[PDB]
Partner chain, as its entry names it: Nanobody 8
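Here we start with a single chain on its own, the form solved without its partner chain, put down as structure tokens.
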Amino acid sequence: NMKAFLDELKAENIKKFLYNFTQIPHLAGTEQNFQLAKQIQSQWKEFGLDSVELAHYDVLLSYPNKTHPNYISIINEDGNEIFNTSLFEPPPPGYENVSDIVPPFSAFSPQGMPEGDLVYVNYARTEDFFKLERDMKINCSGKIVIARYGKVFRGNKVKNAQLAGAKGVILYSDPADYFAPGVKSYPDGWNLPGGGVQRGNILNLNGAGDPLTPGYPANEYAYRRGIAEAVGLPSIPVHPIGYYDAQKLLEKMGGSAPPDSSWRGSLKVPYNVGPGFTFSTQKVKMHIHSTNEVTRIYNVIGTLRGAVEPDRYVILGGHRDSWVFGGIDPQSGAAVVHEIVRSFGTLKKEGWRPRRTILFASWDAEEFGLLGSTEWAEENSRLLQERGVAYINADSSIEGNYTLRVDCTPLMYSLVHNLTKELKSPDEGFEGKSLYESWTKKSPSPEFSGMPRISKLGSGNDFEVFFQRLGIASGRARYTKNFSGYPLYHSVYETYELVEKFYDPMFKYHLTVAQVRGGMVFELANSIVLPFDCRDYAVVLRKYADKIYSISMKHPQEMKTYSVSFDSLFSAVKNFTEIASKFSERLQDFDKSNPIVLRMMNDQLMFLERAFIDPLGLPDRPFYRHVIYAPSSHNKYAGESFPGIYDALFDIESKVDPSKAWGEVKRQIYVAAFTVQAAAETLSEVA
């Protein structure tokens, strides 16, 4: 029973694991990581799992040339290099030791050394570029863009700048976004020092996994494409800096005023758009010499076999590779997984077994484009779609200590509300009250009324293949701060210390997340009828149908000129509601003793998410096939609904051929409509 499962999870053990997991750096593709993989394997065996496998792949990674450093210079009249950027972050107290920490870099930047005139662009979000080029009419072509971390996935900014003719991109972290007021820098607080630099990859893989083998696993015989047709390589070099060097590049900034205060961080400078320097005169030069190279990577997979339905897969997965020590990202998740596995292996040993099979993966190479988990899905896709019940993700557990944060598919809302109601909040001041209670109090849904917010699912972490390509019901949970991240995210300062001292001394937030996570696994893996409520879907679907409808009405002139009708979507959506009522009625009324009828319904429940998948995929993104959600085309971290239609509606006034554009909005609508209906009828009586 569940009560048992939970009681067995101990905070102390988590501390133990997190400490063990973050003494040395753990970069994808390095021996340190191969060795940790070898370790997780044994202790998982030891904790009593039936089988623990390594699965390895040979994929494209990316590194800095050790003997020939990346950096930014400023250059005078005859390229005297006046100023240079750091070559590494000042290491935290007690890691001179730190034998080799990769220097900052943007993974997969093309090689290059371009020169030209900074133009500042803010976040390099779509609208900034709109603001720049439609109003200011400042022109990015030929220039070097410097932009600031925060807001949207860094791969989006580099794609944007590229679109806008740029020839280089420099990212920096502005205290504006990474400096909580009144807290002190590491080692003494948790604010990011002006020395540190957010590492991270900049690919736009859009779901393909290893860029050389879209569609198939990158195993021994896998045919690989030319780096020249690689999926999602930028063609302009990119590099990141802390706010000290930043300041030094920002401070001489020419051309216009920031078109407004929304464009200005807390660096003491003009934040001038540009281009040029005021030093007229002086110019910027990047030095990028990283190389890309096929490298081998290692996933850890441990089966805990089902006793009743060994052919139903519940999957708990998180990544193992870090940019540096990774005290928060990923090892605070990893630690939690570990205590979870051990706790299961414990009941198992007491002679207990789950109704369904549970799978535990330590993923590899997350930081380089969700490569580790993806190739595995590509290899096992058939077994996953005919058997995958649900996937729970397990990256960082805390990124803040203020409240819970959950994203998931509507089919888990009910289970998540029930489960959080059966758990103690560990918030200062809700000792005594439930986790549903604190969470609801602190974080209340827009969608109303007495309801904790739960978010959509975009991409940006390892659940993406499983929900967006395959249609397996997915979800995640972690503790958050009151997209930009936390200040010391993906930097040398993410250390075990960072957690013990400042985030969760008690380890009570870890162990809450360890309960939401293992608790969801547990329910999903063991409960006689699947925890899904097909009705919640019927709810959000009608909200979403409204949202998209409102958007279109921004243009009723056209809507009339072209007979743009949402009746089909609403019609489809109504039918869904109706069928799910009837369905759940039936779900109430049927002797749980009849196993065949049971299995038949859980199949209806299980394959329901699968019903929102189009084999053709969304336009231009073949590996994004959920019709209801995909990653935002403007920010991959953010999920969007009816992406097919939103994307067609987006920025539509700017299109030359309005009849063709509006035609495609219609096509998109008619695909949504049919897919909602088609899904619905999976819930209808089977004969």
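Positions refer to the first chain, counted from 1.
As for the form solved in complex with its partner chain, it is not shown, yet the points below apply to it.
The single contact residue among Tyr509, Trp323, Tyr178, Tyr493, judged by any heavy atom lying within 4.5 Å of its partner chain in the bound PDB entry, is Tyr493. For the residues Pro531, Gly195, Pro114, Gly345, the 4.5 Å heavy atom test against its partner chain in the bound PDB entry is passed only by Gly195. Only one segment in the set 423-431, 290-298, 165-173, 75-83 has residues whose heavy atoms sit within 4.5 Å of its partner chain in the bound PDB entry; it is 75-83. Within 4.5 Å of its partner chain in the bound PDB entry, a heavy atom is found for every one of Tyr244, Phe279 and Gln282.
In the bound PDB entry, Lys252 approaches its partner chain with a heavy atom inside 4.5 Å. Although the partner is absent here, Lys248 sits close enough that one of its heavy atoms falls within 4.5 Å of its partner chain in the bound PDB entry. Although the partner is absent here, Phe483 sits far enough away that none of its heavy atoms falls within 4.5 Å of its partner chain in the bound PDB entry. Mapping the unseen interface onto this chain, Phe88 counts among the residues with a heavy atom inside 4.5 Å of its partner chain in the bound PDB entry.
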